[PDB]
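Visitor: Next up is a structure, given as structure tokens.
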2 protein chains.
Amino acid sequence: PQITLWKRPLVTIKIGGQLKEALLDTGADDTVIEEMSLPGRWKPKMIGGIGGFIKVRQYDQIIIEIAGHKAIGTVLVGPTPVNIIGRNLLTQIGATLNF
Amino acid sequence: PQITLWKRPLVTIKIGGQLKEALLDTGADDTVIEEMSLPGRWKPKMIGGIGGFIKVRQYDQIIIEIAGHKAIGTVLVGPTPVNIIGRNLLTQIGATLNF
Ligand SMILES: COc1ccc(S(=O)(=O)N(CC(C)C)C[C@@H](O)[C@H](Cc2ccccc2)NC(=O)c2cc(C)cc(C(=O)N(C)Cc3nc(C)oc3C)c2)cc1
Ligand SMILES: [Cl-]
Ligand SMILES: [Cl-]
Ligand SMILES: [Cl-]
Ligand code: NA
Ligand code: NA
Ligand code: NA
């Protein structure tokens, strides 16, 4: 699809068996999801943006279906104000910015 | 152009006669640049990022070139990890996300 930027680029994702709404975010290096449980090993990480840093749990090798397209990679879990699909997974679904 | 996302989508911008680097950020409604001098009056605005809220100075109707494309619109000035081009200006340059 061609997603307009007149509105926030929100899509439905499936992660950990759960449906969520998330932002397709070219400004995010990594994918960050609100608090949830995920299987397997994790390690702590700090990520920063406007207003400073939050602590997250880093889970590797997690599958996420993004608007119907499956992708595997690292997912960060923590107190983010919005679910964010970052570049690490946008690449895997072939997303590009066009103008 | 067609910009893939294996690297950060950094472009050159021109504002006030000066070249700067900025990140094309579909996850931002608005454009935020690091401290600089802009003409005219400003208004107050709060931005809630991943780490919390910050105060910024809102300047309206500012001339800015983005990757060689001309825009005239709102620029926020305040403390950001990186200059961010948000949707208010991505729409002016005709950007879309595609997959
Ligand atoms: C290492 O991986 C990282 C992943 C993400 C981030 S980040 O979320 O901090 N961020 C990085 C960027 C600042 C360099 C990605 C940005 O796209 C974030 C994503 C994000 C959106 C909303 C809330 C938190 C984070 N946007 C803004 O900072 C940002 C900046 C401006 C100037 C405006 C807005 C904006 O439109 N809103 C705050 C509206 C809003 N509010 C809520 C609650 O949701 C949304 C969509 C967002 C940092 C590290
Ligand atoms: Cl990854
Ligand atoms: Cl590619
Ligand atoms: Cl604007
Ligand atoms: Na894992
Ligand atoms: Na000034
Ligand atoms: Na103005």
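Lettering and numbering for the structure tokens are positional, with chains as A, B, ... in the shown order, residues counted from 1 in each chain, and ligands counted from 1 in the shown order.
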Please, which residues of chain B lie no more than 6 Å from chain A when the count uses only C-alpha atoms, and can they be set out as a ChimeraX atom specification?
Guide: /B:1-5,25-27,49-54,80,94-99
Visitor: Return as an MDAnalysis selection string the full set of residues in chain B whose backbone-based DSSP assignment is alpha helix (DSSP H).
Guide: chainID B and resid 87:90
Visitor: Could those residues be written to a file, using N, CA and C atoms, as a PDB file, in the first residue's frame?
Guide:
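Ended up saving to selection.pdb:
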ATOM      1  N   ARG B  87       5.563  15.258  10.083  1.00  0.00           N
ATOM      2  CA  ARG B  87       4.581  15.144   9.032  1.00  0.00           C
ATOM      3  C   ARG B  87       4.109  16.487   8.501  1.00  0.00           C
ATOM      4  N   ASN B  88       4.115  17.529   9.327  1.00  0.00           N
ATOM      5  CA  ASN B  88       3.675  18.818   8.819  1.00  0.00           C
ATOM      6  C   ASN B  88       4.488  19.258   7.619  1.00  0.00           C
ATOM      7  N   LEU B  89       5.762  18.936   7.557  1.00  0.00           N
ATOM      8  CA  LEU B  89       6.602  19.264   6.417  1.00  0.00           C
ATOM      9  C   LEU B  89       6.800  18.106   5.441  1.00  0.00           C
ATOM     10  N   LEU B  90       6.740  16.852   5.909  1.00  0.00           N
ATOM     11  CA  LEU B  90       6.783  15.730   4.989  1.00  0.00           C
ATOM     12  C   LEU B  90       5.615  15.810   4.030  1.00  0.00           C
TER      13      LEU B  90
END
Visitor: In Å, how far is it from atom CA of residue 60 of chain A to atom CA of residue 74 of chain A?
Guide: 4.2 Å
Visitor: As a PyMOL selection string, please: every residue in segment 2-89 of chain B that a backbone DSSP assignment puts in strand (DSSP E or B).
Guide: chain B and resi 2-3+10-15+18-24+32-33+43-49+52-66+69-77+84-85
Visitor: Put those residues in a file: N, CA and C atoms, as a short mmCIF file (atom, residue, chain, number, x, y, z; two decimals), in the first residue's frame.
Guide:
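Written out: again.cif:
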data_model
loop_
_atom_site.label_atom_id
_atom_site.label_comp_id
_atom_site.auth_asym_id
_atom_site.auth_seq_id
_atom_site.Cartn_x
_atom_site.Cartn_y
_atom_site.Cartn_z
N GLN B 2 13.33 7.46 -3.64
CA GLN B 2 12.88 6.32 -2.89
C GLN B 2 13.94 6.02 -1.80
N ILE B 3 13.59 6.22 -0.54
CA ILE B 3 14.57 6.08 0.54
C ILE B 3 14.28 4.82 1.30
N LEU B 10 18.50 10.39 6.92
CA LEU B 10 19.06 11.71 7.16
C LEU B 10 19.18 12.45 5.84
N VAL B 11 18.78 13.69 5.84
CA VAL B 11 18.84 14.56 4.67
C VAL B 11 19.45 15.91 5.07
N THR B 12 19.85 16.67 4.07
CA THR B 12 20.21 18.07 4.29
C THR B 12 19.00 18.95 4.20
N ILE B 13 18.90 19.87 5.14
CA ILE B 13 17.91 20.91 5.11
C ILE B 13 18.64 22.26 5.04
N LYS B 14 17.90 23.27 4.62
CA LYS B 14 18.41 24.64 4.62
C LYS B 14 17.37 25.54 5.27
N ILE B 15 17.80 26.26 6.29
CA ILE B 15 16.91 27.14 7.06
C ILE B 15 17.76 28.31 7.48
N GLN B 18 21.36 28.44 6.27
CA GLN B 18 22.32 27.48 6.80
C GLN B 18 21.91 26.07 6.48
N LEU B 19 22.88 25.25 6.13
CA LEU B 19 22.66 23.82 5.92
C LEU B 19 22.78 23.09 7.26
N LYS B 20 21.85 22.17 7.47
CA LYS B 20 21.82 21.33 8.66
C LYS B 20 21.43 19.91 8.22
N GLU B 21 21.71 18.92 9.05
CA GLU B 21 21.25 17.56 8.86
C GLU B 21 19.96 17.34 9.62
N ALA B 22 19.03 16.59 9.09
CA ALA B 22 17.79 16.29 9.82
C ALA B 22 17.31 14.90 9.44
N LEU B 23 16.54 14.33 10.34
CA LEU B 23 15.94 12.99 10.21
C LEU B 23 14.50 13.08 9.73
N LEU B 24 14.20 12.38 8.65
CA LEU B 24 12.79 12.28 8.22
C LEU B 24 12.06 11.34 9.15
N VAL B 32 11.04 19.62 14.64
CA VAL B 32 11.79 20.17 15.75
C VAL B 32 13.23 20.29 15.36
N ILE B 33 13.81 21.48 15.52
CA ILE B 33 15.21 21.78 15.23
C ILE B 33 15.90 22.26 16.51
N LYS B 43 5.35 31.22 19.71
CA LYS B 43 4.33 30.82 20.64
C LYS B 43 4.76 29.59 21.40
N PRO B 44 4.17 29.36 22.56
CA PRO B 44 4.63 28.20 23.33
C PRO B 44 3.99 26.92 22.88
N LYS B 45 4.70 25.80 23.04
CA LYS B 45 4.19 24.49 22.74
C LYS B 45 4.95 23.47 23.60
N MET B 46 4.23 22.45 24.02
CA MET B 46 4.70 21.28 24.73
C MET B 46 4.72 20.08 23.81
N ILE B 47 5.81 19.32 23.79
CA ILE B 47 5.91 18.08 23.02
C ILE B 47 6.16 16.95 23.99
N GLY B 48 5.40 15.91 23.98
CA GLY B 48 5.57 14.71 24.78
C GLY B 48 6.22 13.62 23.93
N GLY B 49 7.49 13.40 24.12
CA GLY B 49 8.29 12.42 23.47
C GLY B 49 8.37 11.13 24.27
N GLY B 52 9.33 11.94 28.09
CA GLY B 52 8.66 13.00 28.84
C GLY B 52 8.37 14.18 27.93
N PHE B 53 7.91 15.26 28.55
CA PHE B 53 7.52 16.50 27.88
C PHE B 53 8.63 17.52 27.89
N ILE B 54 8.74 18.24 26.79
CA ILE B 54 9.62 19.37 26.73
C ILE B 54 8.85 20.59 26.25
N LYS B 55 9.36 21.76 26.60
CA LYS B 55 8.91 23.04 26.04
C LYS B 55 9.72 23.38 24.82
N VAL B 56 9.05 23.90 23.81
CA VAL B 56 9.70 24.36 22.61
C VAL B 56 9.13 25.72 22.21
N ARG B 57 9.80 26.39 21.32
CA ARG B 57 9.35 27.64 20.73
C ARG B 57 8.78 27.34 19.35
N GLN B 58 7.51 27.72 19.14
CA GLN B 58 6.85 27.48 17.87
C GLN B 58 6.90 28.71 17.00
N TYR B 59 7.54 28.60 15.84
CA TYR B 59 7.61 29.64 14.82
C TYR B 59 6.81 29.20 13.63
N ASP B 60 5.87 30.01 13.19
CA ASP B 60 5.03 29.66 12.08
C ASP B 60 5.54 30.28 10.78
N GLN B 61 5.22 29.66 9.65
CA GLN B 61 5.43 30.21 8.32
C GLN B 61 6.91 30.51 8.05
N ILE B 62 7.75 29.52 8.39
CA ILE B 62 9.20 29.59 8.18
C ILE B 62 9.59 28.89 6.90
N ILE B 63 10.45 29.52 6.11
CA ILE B 63 10.94 28.96 4.86
C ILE B 63 12.03 27.94 5.18
N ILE B 64 11.87 26.74 4.65
CA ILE B 64 12.81 25.68 4.92
C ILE B 64 12.87 24.79 3.67
N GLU B 65 14.06 24.41 3.24
CA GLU B 65 14.27 23.47 2.15
C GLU B 65 14.63 22.13 2.74
N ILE B 66 14.03 21.05 2.23
CA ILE B 66 14.21 19.71 2.75
C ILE B 66 14.62 18.82 1.60
N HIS B 69 13.62 20.20 -1.66
CA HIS B 69 12.22 20.53 -1.84
C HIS B 69 11.85 21.69 -0.92
N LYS B 70 11.15 22.67 -1.46
CA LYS B 70 10.78 23.86 -0.74
C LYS B 70 9.51 23.67 0.08
N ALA B 71 9.59 24.10 1.33
CA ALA B 71 8.47 24.10 2.25
C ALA B 71 8.39 25.45 2.98
N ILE B 72 7.21 25.79 3.45
CA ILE B 72 7.02 26.98 4.29
C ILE B 72 6.03 26.57 5.36
N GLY B 73 6.48 26.49 6.61
CA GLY B 73 5.54 26.03 7.64
C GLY B 73 6.10 26.14 9.00
N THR B 74 5.50 25.41 9.95
CA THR B 74 5.83 25.57 11.35
C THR B 74 7.08 24.81 11.72
N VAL B 75 7.98 25.49 12.39
CA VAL B 75 9.21 24.91 12.91
C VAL B 75 9.23 25.14 14.40
N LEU B 76 9.43 24.06 15.16
CA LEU B 76 9.62 24.11 16.60
C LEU B 76 11.12 24.13 16.88
N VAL B 77 11.54 24.93 17.87
CA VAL B 77 12.93 25.02 18.25
C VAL B 77 13.06 24.60 19.70
N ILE B 84 14.48 16.88 13.57
CA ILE B 84 13.44 16.01 13.09
C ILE B 84 12.52 16.71 12.14
N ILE B 85 12.29 16.15 10.96
CA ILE B 85 11.31 16.65 10.01
C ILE B 85 10.06 15.77 10.17
#
Visitor: Determine, using only C-alpha atoms and all ligand atoms, which residues of chain B have any atom at most 8 Å from an atom of ligand 6, and tabulate each with its shortest atom pair and distance in Å to one decimal place, rows ordered by chain and then rising number, as a Markdown table.
Guide:
| residue | atom | partner | partner_atom_place_in_ligand_line | distance |
| --- | --- | --- | --- | --- |
| B:36 | CA | ligand 6 | 1 (Na) | 6.7 |
| B:37 | CA | ligand 6 | 1 (Na) | 4.1 |
| B:38 | CA | ligand 6 | 1 (Na) | 5.4 |
| B:39 | CA | ligand 6 | 1 (Na) | 6.9 |
Visitor: If you keep N, CA, C and O atoms, can you produce a file of those selected residues as a short mmCIF file (atom, residue, chain, number, x, y, z; two decimals), in the first residue's frame?
Guide:
data_model
loop_
_atom_site.label_atom_id
_atom_site.label_comp_id
_atom_site.auth_asym_id
_atom_site.auth_seq_id
_atom_site.Cartn_x
_atom_site.Cartn_y
_atom_site.Cartn_z
N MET B 36 18.41 27.67 17.50
CA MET B 36 18.86 28.56 16.44
C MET B 36 17.97 29.81 16.50
O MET B 36 16.92 29.81 17.16
N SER B 37 18.42 30.82 15.77
CA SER B 37 17.72 32.08 15.63
C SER B 37 16.78 32.00 14.44
O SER B 37 17.23 31.67 13.34
N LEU B 38 15.51 32.29 14.66
CA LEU B 38 14.51 32.40 13.60
C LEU B 38 13.80 33.76 13.72
O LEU B 38 13.67 34.29 14.83
N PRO B 39 13.32 34.30 12.60
CA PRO B 39 12.65 35.61 12.64
C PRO B 39 11.23 35.50 13.14
O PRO B 39 10.58 34.44 13.07
#
Visitor: Separation of atom 43 (C, counted along the ligand's line) of ligand 1 and atom CA of residue 83 of chain B, in Å?
Guide: 20.0 Å
Visitor: What is the atom CA of residue 35 of chain A-atom 33 (C, counted along the ligand's line) of ligand 1 distance in Å, reported with one decimal?
Guide: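 About the pair atom CA of residue 35 of chain A and atom 33 (C, counted along the ligand's line) of ligand 1: they are 21.4 Å apart.
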